[PDB]
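Protein chains in written order, with the working numbering: chain A, 1 to 105; chain B, 1001 to 1125; chain C, 2001 to 2447; chain D, 3001 to 3048; chain E, 4001 to 4052.
Quick notes on the structure that follows.
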Amino acid sequence: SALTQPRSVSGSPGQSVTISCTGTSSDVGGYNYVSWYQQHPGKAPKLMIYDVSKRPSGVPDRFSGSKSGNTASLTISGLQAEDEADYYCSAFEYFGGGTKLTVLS
Amino acid sequence: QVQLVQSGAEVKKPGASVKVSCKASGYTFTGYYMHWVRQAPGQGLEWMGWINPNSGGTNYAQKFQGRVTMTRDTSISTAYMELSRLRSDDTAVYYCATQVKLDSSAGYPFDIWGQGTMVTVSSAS
Amino acid sequence: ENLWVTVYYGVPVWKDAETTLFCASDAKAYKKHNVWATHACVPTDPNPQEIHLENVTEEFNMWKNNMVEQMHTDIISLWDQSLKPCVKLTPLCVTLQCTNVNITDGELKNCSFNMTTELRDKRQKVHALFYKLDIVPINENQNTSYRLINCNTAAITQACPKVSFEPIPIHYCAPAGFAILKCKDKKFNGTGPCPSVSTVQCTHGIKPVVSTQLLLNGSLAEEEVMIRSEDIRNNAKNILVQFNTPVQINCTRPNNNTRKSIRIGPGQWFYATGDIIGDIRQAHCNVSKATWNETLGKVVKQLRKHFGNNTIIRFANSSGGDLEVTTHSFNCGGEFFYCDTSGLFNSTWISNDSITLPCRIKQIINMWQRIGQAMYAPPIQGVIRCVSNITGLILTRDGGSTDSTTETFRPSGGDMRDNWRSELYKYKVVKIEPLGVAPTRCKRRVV
Amino acid sequence: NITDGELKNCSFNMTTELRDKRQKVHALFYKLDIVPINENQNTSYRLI
Amino acid sequence: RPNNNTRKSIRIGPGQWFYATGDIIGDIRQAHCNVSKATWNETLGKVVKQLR
Ligand SMILES: *[C@@H]1O[C@H](CO)[C@@H](O[C@@H]2O[C@H](CO)[C@@H](O[C@H]3O[C@H](CO)[C@@H](O)[C@H](O)[C@@H]3O)[C@H](O)[C@H]2NC(C)=O)[C@H](O)[C@H]1NC(C)=O
Ligand SMILES: *[C@@H]1O[C@H](CO)[C@@H](OC2O[C@H](CO)[C@@H](O)[C@H](O)[C@H]2NC(C)=O)[C@H](O)[C@H]1NC(C)=O
Ligand SMILES: *[C@@H]1O[C@H](CO)[C@@H](OC2O[C@H](CO)[C@@H](O)[C@H](O)[C@H]2NC(C)=O)[C@H](O)[C@H]1NC(C)=O
Ligand SMILES: *[C@@H]1O[C@H](CO)[C@@H](O[C@@H]2O[C@H](CO)[C@@H](O)[C@H](O)[C@H]2NC(C)=O)[C@H](O)[C@H]1NC(C)=O
Ligand SMILES: *[C@@H]1O[C@H](CO)[C@@H](O[C@@H]2O[C@H](CO)[C@@H](O)[C@H](O)[C@H]2NC(C)=O)[C@H](O)[C@H]1NC(C)=O
Ligand SMILES: *[C@@H]1O[C@H](CO)[C@@H](O[C@@H]2O[C@H](CO)[C@@H](O)[C@H](O)[C@H]2NC(C)=O)[C@H](O)[C@H]1NC(C)=O
Ligand SMILES: *[C@@H]1O[C@H](CO)[C@@H](O[C@@H]2O[C@H](CO)[C@@H](O)[C@H](O)[C@H]2NC(C)=O)[C@H](O)[C@H]1NC(C)=O
Ligand SMILES: *[C@@H]1O[C@H](CO)[C@@H](O[C@H]2O[C@H](CO)[C@@H](O)[C@H](O)[C@H]2NC(C)=O)[C@H](O)[C@H]1NC(C)=O
Ligand SMILES: *[C@@H]1O[C@H](CO)[C@@H](O)[C@H](O)[C@H]1NC(C)=O
Ligand SMILES: *[C@@H]1O[C@H](CO)[C@@H](O)[C@H](O)[C@H]1NC(C)=O
Ligand SMILES: *[C@@H]1O[C@H](CO)[C@@H](O)[C@H](O)[C@H]1NC(C)=O
Ligand SMILES: *[C@@H]1O[C@H](CO)[C@@H](O)[C@H](O)[C@H]1NC(C)=O
Ligand SMILES: *[C@@H]1O[C@H](CO)[C@@H](O)[C@H](O)[C@H]1NC(C)=O
Ligand SMILES: *[C@@H]1O[C@H](CO)[C@@H](O)[C@H](O)[C@H]1NC(C)=O
Ligand SMILES: *[C@@H]1O[C@H](CO)[C@@H](O)[C@H](O)[C@H]1NC(C)=O
Ligand SMILES: *[C@@H]1O[C@H](CO)[C@@H](O)[C@H](O)[C@H]1NC(C)=O
């Protein structure tokens, strides 16, 4: 069908945060290796983590994802003042609704 | 450097055809696929289709079946995208993406993107 | 007590590697020595000594094999090398004044133009017949002044007809020191172990036939049809289908052409279709209807296993965007055809009156995608009639859809090398490592 | 038109893909790749 | 070479190309080359002292 994810989650500076979303497991099966994109406000999106358990070059590994038995999660360890952007999950062709990670001023 | 340039477009009237371009440089252009994606303001992404510039074989989703045409001029390493019979809900921003560098060999997912062009329509002036 | 080491020579141990391979043909005599070199090859053995093995397991991969790349490189290198000493058609691109063929209200046109002669000062005027897909206007405002298609970008060379393009069997035989392993499983889904493994000196004959959207003269399956791919759950990999019973197909061009040779210089010659004598009609191709519907039923019943036991399967014609991977392209009798295949994938499946297909013909082709090269094709005299065994299918999955059970299927021309993957998916080259160490008791007398 | 020099603009005939058409073109050439042919005394140059 | 040249490509036959300098846009000046003076004199002194 399609992938869904919570619209927005709260976050405080310094605290490690988490985001987890997964549709019906019959389409996922745990092996599609959903990726994660970062959409900046009014900018060009960029890849944060590709298929699974692996980080591409050019991006810091201070925040990374993993795949549980039934849900793919993304842990942002050591939140900073540069995480003001949306996070999207993407399969081969299907996409998610969207998640916003907000910080406290 | 590996990058993709586009050309900004003006607001068009309903019932008109838009012209979208995408020019690449650096890496060889006739080796990998190229996708087209759209983003609505305040919503999620939606995939349009994929073109193979090596042989011109295209494949697009059923949401735009019979309304979009994709071509290619490999003599200058540029792509094209046409779309006529527009509506009001097609106000979005378009992007052309490739998969030039990745350890895995599968076509998905794509990482490198371009600048992007925001196309919107207005009924009257 | 303690143990000692022993070295063994001749122990059976292999390792996945890669290397080059040479030709291998059978003893045959013939208008010979076609583009595929035969005199410069090794005559194969009369009977291959296939050897069976037991209790042996190993892996395979049809989408990462290295023999297909070497075969493609050899084919393209041989095709390029067999065209060097042939004639070059440089002064052919003189402007043309071409008229209609007087059939009242058309496929071909008669064009007249100036041409040189052996004497550098004389200029003759000759006429010929050209097809509509090898000519592009130059004025457009609006009179008729035509020119060729290729010499705006690249050069052109002729294919002098002393050689032929007929495909012949070619065995790929590994050198001394390597070996080939053949899998004999009747349920080889593409990747994984294979119980029945055999070792053969080298493979059987292979017909390097070029085709798009439809394999031809391949190898029949056994007891079932096969549906293979690399990843089915993504729309970025062409899906291969192999039938279990070949379907007969008859292509024909009923025209009666004539070869007309004219001089272009000292020691050269230029052939053209001088005149068409008879009835102007379109070249067509016929395929049986009941057998096609039965085969489509079989293939959809086999494909239902991968997409739920109750779904809607629909077919559609090609998407478009070219003249080589939208239609069905092949060659036979010395001519290249382009037969539309829309009249085949025009059905919808849920839960003696033969079919006909039109065909167009091109002469100035640009096969083996490149730059700076374009191969002219000489015309064949008489009539052509080609019977073939269509066996294969190449299908791209679909586009993206929201949610349904009615996914479609559209055929698309592959990467001009998957035609051999329907024949080299049960072969693998491997090397030998006859060294090894083993622990046991020994005390070599120093004496 | 630099008044009183290293390079000079030359114009000449050149062929085309069509064997009968002839199109004149101009370019710039350095003074060390050109030698006169007349010398008595007009300007008619050629390559070296 | 401080000039600002332009590449101009013209056709010469079927499938060939011929490049040439275009009409230069900028300031016509002579291409030059600079070398330090004190280091050159020091190196020449060293080499003559060694050659003596
Ligand atoms: C698929 O394999 C077919 C073999 O059955 C092949 O058909 C043969 O093609 C040749 C090519 O012209 C035809 O003509 C040949 O045989 C006649 C016999 O008199 C010779 O005079 C010709 O010189 C030539 O050698 C054959 O009639 C035809 N059929 C048979 C039974 O040989 C197809 O061409 C192959 N398909 C493709 C796409 O190549
Ligand atoms: C194509 O046209 C040819 C010229 O008329 C024709 O050739 C000949 O065949 C007829 C019929 O038997 C003979 O009467 C005549 O003498 C033949 N001439 C030559 C020069 O061979 C061909 O038969 C025609 N093609 C077909 C397939 O019928
Ligand atoms: C050589 O001359 C070029 C043509 O004017 C010039 O090119 C461009 O650079 C200017 C300066 O930023 C831009 O305004 C202009 O849009 C550019 N045009 C193109 C086609 O690139 C070069 O900069 C000049 N060379 C140098 C070294 O300055
Ligand atoms: C294409 O044009 C040429 C020349 O106009 C035709 O050649 C001649 O054909 C006419 C028929 O109308 C004959 O009367 C002449 O004797 C032929 N020779 C010459 C030198 O004129 C040619 O037949 C035309 N092509 C077709 C298919 O009709
Ligand atoms: C393709 O050509 C073959 C060869 O003529 C056809 O095969 C034969 O069928 C006709 C009538 O159906 C019989 O008279 C012949 O005796 C058959 N010959 C052989 C060798 O089988 C075949 O029918 C043609 N294909 C189609 C679709 O018509
Ligand atoms: C060399 O000569 C050519 C032709 O005379 C010049 O090309 C033209 O330049 C003039 C400038 O006086 C322009 O008015 C024309 O529009 C140009 N084109 C044509 C077709 O005449 C060229 O500029 C000269 N080279 C230099 C360095 O001045
Ligand atoms: C040759 O070029 C180099 C690079 O510009 C010059 O080096 C520098 O000298 C200038 C001024 O003398 C400084 O502003 C730079 O910071 C220097 N850079 C480096 C990397 O050393 C050099 O002086 C030039 N040669 C001469 C003879 O002038
Ligand atoms: C594939 O089949 C469709 C089925 O109709 C063809 O469709 C259409 O396009 C024609 C010309 O572009 C029109 O004349 C038809 O009216 C139109 N029909 C429909 C139902 O849309 C299409 O051309 C075929 N494509 C190819 C490449 O042959
Ligand atoms: C293969 O393995 C089976 C089961 O272990 C055994 O019975 C058989 O003898 C083996 N084959 C050979 C040739 O040893
Ligand atoms: C030639 O054929 C073209 C193709 O349609 C047609 O437009 C034109 O009118 C024809 N001219 C003559 C003189 O027959
Ligand atoms: C070359 O010279 C001869 C001298 O008789 C002349 O007839 C001829 O026309 C000249 N060349 C050509 C082809 O005109
Ligand atoms: C050859 O060219 C001349 C002029 O370029 C033209 O008048 C003549 O008709 C041409 N020859 C033929 C056979 O058309
Ligand atoms: C073939 O079977 C293996 C065994 O599970 C499986 O991993 C693989 O995905 C299958 N491939 C296809 C194309 O069916
Ligand atoms: C496809 O099938 C429909 C079914 O009625 C038919 O109308 C149509 O003509 C067919 N298309 C072709 C190209 O034959
Ligand atoms: C095509 O199939 C028929 C029937 O099995 C067979 O007799 C014929 O040899 C096949 N053609 C080729 C070229 O093998
Ligand atoms: C080409 O040659 C003719 C005579 O040979 C001459 O008049 C003409 O000027 C030349 N073309 C150019 C562009 O100078």
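Cβ atoms here follow ideal geometry from the backbone N, Cα and C, with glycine treated the same way.
Thinking residue i and residue j are a contact (beta carbons under 8 Å), I'd like their distance in whole angstroms, please.
i: C/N2234; j: B/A1106; result: 7 Å
i: C/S2422; j: C/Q2242; result: 6 Å
i: C/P2091; j: C/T2117; result: About 11 Å separates the two Cβ atoms, so there is no contact after all.
i: C/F2330; j: C/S2211; result: 5 Å
i: A/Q39; j: A/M48; result: Rounded, the Cβ-Cβ distance is 10 Å, inconsistent with contact.
Going by DSSP, which residues form a beta bridge with residue i?
i: B/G1057; result: B/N1052
i: C/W2349; result: C/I2313
i: C/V2241; result: C/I2227, C/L2393
i: C/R2385; result: C/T2252
i: B/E1046; result: B/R1038
Strictly below 7 Å CB to CB, what residues from chain D border residue i?
i: C/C2151; result: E3017
i: E/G4013; result: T3015, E3017
i: C/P2091; result: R3019
Let me confirm a value: residue i is counted as buried when at least 16 other C-beta atoms fall within 10 Å, else exposed. Which label applies?
i: A/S1; result: exposed
i: C/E2335; result: buried
i: A/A72; result: buried
i: C/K2109; result: buried
i: B/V1119; result: buried
i: C/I2170; result: buried
i: C/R2147; result: buried
i: C/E2058; result: exposed
i: B/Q1001; result: exposed
i: C/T2327; result: buried
i: C/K2125; result: exposed
i: C/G2267; result: exposed
Out of the options, point me to the one whose CA is closest to residue i's CA.
i: B/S1077; options: B/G1015, B/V1018, B/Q1001, B/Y1027; result: B/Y1027
i: C/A2128; options: C/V2101, C/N2150, C/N2139; result: C/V2101
i: C/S2288; options: C/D2353, C/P2379, C/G2218, C/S2198; result: C/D2353
i: C/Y2427; options: C/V2011, C/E2018, C/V2005; result: C/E2018
i: C/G2190; options: C/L2083, C/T2157, C/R2228, C/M2416; result: C/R2228
i: D/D3033; options: D/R3019, D/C3010, D/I3002, D/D3020; result: D/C3010
i: C/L2393; options: C/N2141, C/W2292, C/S2401, C/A2159; result: C/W2292
i: B/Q1043; options: A/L104, A/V103, A/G96; result: A/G96
i: B/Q1062; options: B/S1055, B/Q1099, B/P1014, B/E1046; result: B/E1046
i: C/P2358; options: C/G2413, C/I2365, C/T2273, C/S2342; result: C/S2342
i: C/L2078; options: C/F2022, C/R2360, C/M2226, C/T2396; result: C/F2022
What does residue i touch in chain C if you count any residue whose Cβ is under 7 Å from its own?
i: D/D3020; result: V2094, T2095
Residue i versus chain A: which residues are under 7 Å apart at the beta carbon?
i: C/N2234; result: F92
What does residue i touch in chain C if you count any residue whose Cβ is under 8 Å from its own?
i: B/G1056; result: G2321, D2322, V2325
i: B/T1071; result: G2321
Since residue i meets chain A, which of its residues come closer than 8 Å, beta carbon to beta carbon?
i: C/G2400; result: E93, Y94
i: C/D2403; result: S1, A2
Counting only Cβ pairs nearer than 8 Å, list the residues of chain B close to residue i.
i: C/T2311; result: Simply none; closest approach about 16 Å.
i: C/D2231; result: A1106
Cβ closer than 7 Å: which chain E residues qualify as neighbours of residue i?
i: D/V3025; result: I4010
i: C/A2154; result: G4015
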